[PDB]
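Listed in order, the protein sequences are those of chains C, V and B. If you're matching positions, the first sequence starts at 1 in my numbering and goes up one per residue. If you're matching positions, the second sequence starts at 1 in my numbering and goes up one per residue. If you're matching positions, the third sequence starts at 1 in my numbering and goes up one per residue. Backbone N, C-alpha and C fix where the C-beta goes; we use that ideal spot for every residue, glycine too. Worksheet for the structure shown next.
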Amino acid sequence: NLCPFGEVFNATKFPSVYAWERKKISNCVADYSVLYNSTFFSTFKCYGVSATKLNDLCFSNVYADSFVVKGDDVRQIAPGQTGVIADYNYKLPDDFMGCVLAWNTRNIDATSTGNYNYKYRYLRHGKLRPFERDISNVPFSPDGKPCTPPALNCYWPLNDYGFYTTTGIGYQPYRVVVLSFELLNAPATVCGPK
Amino acid sequence: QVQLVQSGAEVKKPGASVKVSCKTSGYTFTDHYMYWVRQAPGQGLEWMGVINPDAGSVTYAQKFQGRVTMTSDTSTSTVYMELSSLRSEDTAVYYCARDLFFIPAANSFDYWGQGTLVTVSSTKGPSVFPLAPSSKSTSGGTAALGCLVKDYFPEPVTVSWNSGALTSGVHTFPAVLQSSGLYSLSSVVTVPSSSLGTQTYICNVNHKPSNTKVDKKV
Amino acid sequence: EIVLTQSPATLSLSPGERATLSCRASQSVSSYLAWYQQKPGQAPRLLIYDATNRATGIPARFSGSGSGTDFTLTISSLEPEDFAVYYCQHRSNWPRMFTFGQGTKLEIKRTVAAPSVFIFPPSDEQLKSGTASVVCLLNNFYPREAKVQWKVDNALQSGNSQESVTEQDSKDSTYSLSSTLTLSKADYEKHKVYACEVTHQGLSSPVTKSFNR
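What follows is the structure, encoded as structure tokens:
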């Protein structure tokens with residue numbers, strides 16, 4: 001039947017980056033035509049393969065993603081970029097065969113009085129692994145000895161974005177949908193049309 | 001901590017199929033690439049054996065296309081390998097290793113299993129033939145002994161000297177697949193010439209699959 | 001497919017020097033390499049992934065490098081538990097292919113010792129069932145290089161002799177070799193003088209031990 005790619009984009013709410021959600025879209029008949037025709041995608045940067053070969057190769061099992069970055073963090077969601085949203089928030093592998101889809105939502109997921117409902121992690125021991133989701137809220141400290149929130153050198157591991165609507169084009173809530181194609185030599189479940 | 005426990009040894013026949021399991025524990029068996037490698041005695045490991053445990057995704061090597069078929073079980077969290085058409089060149093240890101990345105990505109192996117020694121021949125029993133400490137070849141103040149074993153197929157075996165008393169010079173040579181079709185071991189020991197005859201020298205074979213324990217005095 | 005080739009395949013070093021393990025591929029692959037370490041008897045262990053990133057639990061002495069077609073794994077200070085076989089792995093991209101090398105074994109360098117030659121005549125207990133075999137012993141030799149040949153009335157022999165060599169001993173860092181000459185019962189009594197020739201680097205002359213039945 002038709003591939004359930006509509007529910008991935010058209011959703012009531014998206015989780016934050018520190019608690020990003022995924023999908024298990026498999027055994028479908030995809031089209032890859034609702035992404036090229038429209039032009040509301042801010043950054044349509046595919047990696048690994050090209051946008052033309054997506055309609056011919058029979059993938060085994062595709063994986064979707066959903067998170068909201070602080071506008072200027074879409075560049076950090078790339079196979080090789082670093083920063084504060086790509087080392088302890090969402091790590092992308094170098095050999096990433098997928099497509100990054102980001103679009104602006106300065107009117108659907110923003111409030112003139114305040115949109116303090118999205119957070120991100122900025123203090124974690126080491127860096128993350130490709131496609132790792134670390135959902136935790138334990139306090140952070142340079143050394144061990146897990147401390148209390150009231151302390152001298154211990155702080156919270158997450159920080160709220162603080163999206164507004166009276167700011168520049170940089171600080172705007174963007175919804176990023178990272179598709180990850182898994183091309184295993186398995187019985188083809190998701191192919192192109194026709 | 002992550003630990004992959006496998007099954008024990010499995011001797012099969014030249015033409016049957018082998019099914020070796022790989023039980024996973026210590027991590028979430030939902031987002032992790034599983035692999036299967038095999039190391040021949042003395043040779044190296046060469047095949048991918050990448051199994052995606054999510055629903056059914058599999059990918060095999062080129063030398064193993066219609067011979068191997070893998071499957072997963074999300075309930076018991078254990079992957080299964082089924083290798084059919086076992087020839088005489090498949091007698092090797094089979095490993096199952098995890099991945100360092102998650103399901104969409106792929107990288108080197110990080111957590112390995114324990115191995116599964118699979119061989120293809122016919123079982124039999126051992127035979128102990130003692131060597132001879134030739135008094136003419138005693139130059140150097142010391143001498144030598146031996147408990148040269150004979151043809152025996154299964155090799156979870158071990159030797160000793162005086163039930164493990166003497167542990168000086170217990171060099172035990174590995175087995176060799178003779179042209180007959182079985183294996184043969186060896187075990188020597190060097191003792192001073194002044195201890196000739198006084199100290200007892202009796203080896204102890206512990207061949208379990210044959211239930212035969214022969215202790216022969218040299 | 002990308003065939004990984006390791007040049008040395010045998011690196012004898014001392015406990016405290018530095019290693020120069022290499023891993024050269026056929027084509028111009030990316031930096032997607034993976035070194036391993038398999039202690040004899042145990043399971044392989046991940047050492048360096050992506051050819052420049054250290055794994056978890058690996059000590060700081062291990063530090064790999066390389067890019068494109070010239071990779072190298074250099075150990076800072078060798079340890080007694082760091083003598084094993086090291087394999088390098090390359091991963092393909094589209095058809096999820098993996099390739100391994102051949103293995104560069106690392107052994108302990110020690111003073112060349114003379115192999116103590118010993119020969120064992122077959123016992124009469126085996127003669128009653130046929131297939132008489134003679135065993136020649138070679139113990140306490142450092143370099144794994146010994147040409148064990150018998151002497152059938154001052155001649156050569158091959159095919160009917162299998163040799164087995166042990167691993168390096170932790171006490172004196174030596175090896176052991178045992179050769180067995182398989183024959184028949186009616187063939188053993190044809191000759192009388194059986195000899196075992198030992199050709200070793202540490203021996204100034206090939207030592208040949210013989211016995212008369």
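With a threshold of 16 other beta carbon atoms within 10 Å, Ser-139 (chain V) falls short and is exposed.
Taking a C-beta cut-off of 8 Å against chain C, the contacting residues of the stretch 24-58 of chain V are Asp-31, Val-50, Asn-52, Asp-54, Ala-55, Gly-56, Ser-57, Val-58, listed in chain order. For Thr-190 (chain V), the nearest beta carbon of chain B is closer than 9 Å to its own beta carbon. In this structure, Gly-144 (chain C) and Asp-56 (chain C) do not form a Cβ contact; the two beta carbons are roughly 53 Å apart against a cut-off of 8 Å. In the DSSP assignment, the residues bridged to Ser-180 (chain C) are C:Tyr-63, C:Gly-98. Looking at the DSSP output, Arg-98 (chain V) bridges to nothing. In the structure shown, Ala-195 (chain B) falls within a strand segment according to DSSP collapsed to helix, strand and coil.
Under the 9 Å criterion on CB atoms, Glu-21 (chain C) is classed as non-interfacial with respect to chain V.
Around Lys-39 (chain B), the same chain offers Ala-84 as residues with beta carbons nearer than 6 Å, after the five sequence neighbours per side are excluded. Closest option to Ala-105 (chain V), judged by alpha-carbon separation, among C:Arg-124, C:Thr-105, C:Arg-129, C:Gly-83: C:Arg-129.
In terms of Cβ geometry, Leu-145 (chain V) and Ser-184 (chain V) do not form a close pair [threshold 9 Å]. Contact between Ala-97 (chain V) and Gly-113 (chain V) is confirmed by a C-beta separation of about 7 Å, below the 8 Å threshold. Only buried fits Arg-96 (chain B), as 16 or more other CB atoms lie within 10 angstroms of its CB. Rounded to whole angstroms, the gap between the alpha carbons of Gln-43 (chain V) and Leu-101 (chain C) is 47 Å. For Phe-101 (chain V), the chain C residues whose C-beta falls within less than 8 Å of its own C-beta are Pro-93, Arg-129, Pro-130, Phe-131, listed in chain order.
Sequence-distant Cβ neighbours of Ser-121 (chain V) in its own chain, meaning closer than 6 Å and more than five residues away, are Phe-153, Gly-181. Chain order gives the chain C residues near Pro-104 (chain V) as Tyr-63, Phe-131, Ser-180, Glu-182, where near means a beta carbon separation below 7 Å. Residue range 185-188 is occupied by the alpha helix (DSSP H) that includes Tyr-188 (chain B). Under a 10 Å Cβ-count criterion, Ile-135 (chain C) is classified as exposed, with fewer than 16 other Cβ atoms of the shown protein chains found around its own Cβ. In chain order, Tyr-49 make up the part of chain B whose C-beta sits under 7 Å from the C-beta of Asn-107 (chain V). Cβ contact annotation for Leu-177 (chain V) (same chain, cutoff 7 Å, sequence separation greater than five): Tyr-183, in chain order.
Between the stretch 196-210 of chain B and the stretch 156-164 of chain B there are fewer than three C-beta pairs closer than 8 Å, too few to call the two in contact.
Cβ atoms of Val-189 (chain V) and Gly-164 (chain V) stay farther apart than 8 Å, at about 12 Å.
Non-local beta-carbon contacts of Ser-173 (chain B) in its own chain, meaning distances under 6 Å to residues more than five positions away in sequence, involve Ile-108, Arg-110 in chain order. Here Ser-163 (chain V) carries a helix assignment [DSSP, helix/strand/coil].
CA-CA distance, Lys-91 (chain C) to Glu-46 (chain V), rounds to 30 Å. For chain B, the residues of the stretch 112-132 of chain V that bring a beta carbon within less than 9 Å of one of its beta carbons are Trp-112, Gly-113, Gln-114, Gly-115, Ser-127, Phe-129, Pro-130, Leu-131, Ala-132, in chain order. Within the stretch 77-109 of chain C, contact with chain V at the beta-carbon level (separation under 7 Å) is assigned to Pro-93. A straight-line Cα-Cα distance of about 33 Å links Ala-16 (chain V) and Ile-103 (chain V). When Cβ-Cβ separations below 9 Å define contact, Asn-55 (chain C) makes no contact with chain B. Per DSSP, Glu-82 (chain V) is not a residue of any alpha helix (DSSP H); the beta strand (DSSP E) it occupies stretches across 78-83. The continuous alpha helix (DSSP H) containing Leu-127 (chain B) extends over residues 124-127. Around the CB of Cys-22 (chain V), 16 or more other CB atoms lie within 10 Å, so the residue is classed as buried. DSSP, reduced to helix, strand and coil, places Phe-98 (chain B) within a strand of the structure shown. According to the DSSP assignment, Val-8 (chain C) belongs to no beta strand (DSSP E) but to the alpha helix (DSSP H) extending over 6-9. Here DSSP, grouped into helix, strand and coil, assigns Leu-148 (chain V) to coil.
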